[PDB]
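Here's a solo chain for you in structure tokens, the form deposited in one PDB entry.
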């Protein structure tokens, strides 16, 4: 019920592009192509409401550090992704919300914390309760996902819309 600008942030290879491409195409990318800066748009029915999601999928590998503030300035909603099989990506996510609040200057920014790659949880490095405790401290929702399933990815994107709708 408006245009929704979501920025997906997180370190290299956590599955930011696989999550966005699952949402947009219903396909799973199996190869790893490091992202420069990709924009997607899709219509979605969130609780029957028409919502045009515009998704900025950013670079994680070496990111584009200085520019991240520009991405944050322009974003309305933020999906903070880590890989649950990579402890370091989780650690890398911990300053991200503070950086968002710094750029935006207000505390109630719509964010979701995502632990991705749940289908690889035989090699889990970060437990649900850890992710969930970070999200609780931030006051935002926590989800765990696999970019392999359309269903999990659709609820992710549906939820960020609800968070942006209620701010």
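Shifts are known only where both forms have a C-alpha. Residue numbers count along the first chain shown, from 1. C-alpha atoms forming the largest set that superposes within 1.5 Å between two forms make up the rigid core.
FYI, the form deposited in another entry isn't displayed, but the following is about it.
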Original post:
Considering only 122, 27, 129, 66, which residue exhibits a C-alpha shift of no less than 2 Å between this form and the one not shown, with the rigid core used for superposition?
Top reply: 66
Original post:
Can we say the CA of residue 42 moves by at least 2 Å between this form and the one not shown when the core is superposed?
Top reply: no
**OP:** Would you tell me if residue 108 moves between this form and the one not shown by 2 Å or more at its C-alpha, with the rigid core held superposed?
**Re:** yes
Original post:
If the CA atoms of residue 142 and residue 107 move by 3 Å or more in the other form, do they move toward each other or away, so closer or farther than here?
Top reply: farther
**OP:** Since the C-alpha distance between residue 17 and residue 64 changes by 3 Å or more in the other form, give its direction relative to the shown form: closer or farther.
**Re:** farther
Original post:
Which residue ranges, three or more long, have every Cα moving by 2 Å or more between this form and the one not shown relative to the rigid core?
Top reply: 31-33, 60-66, 106-108
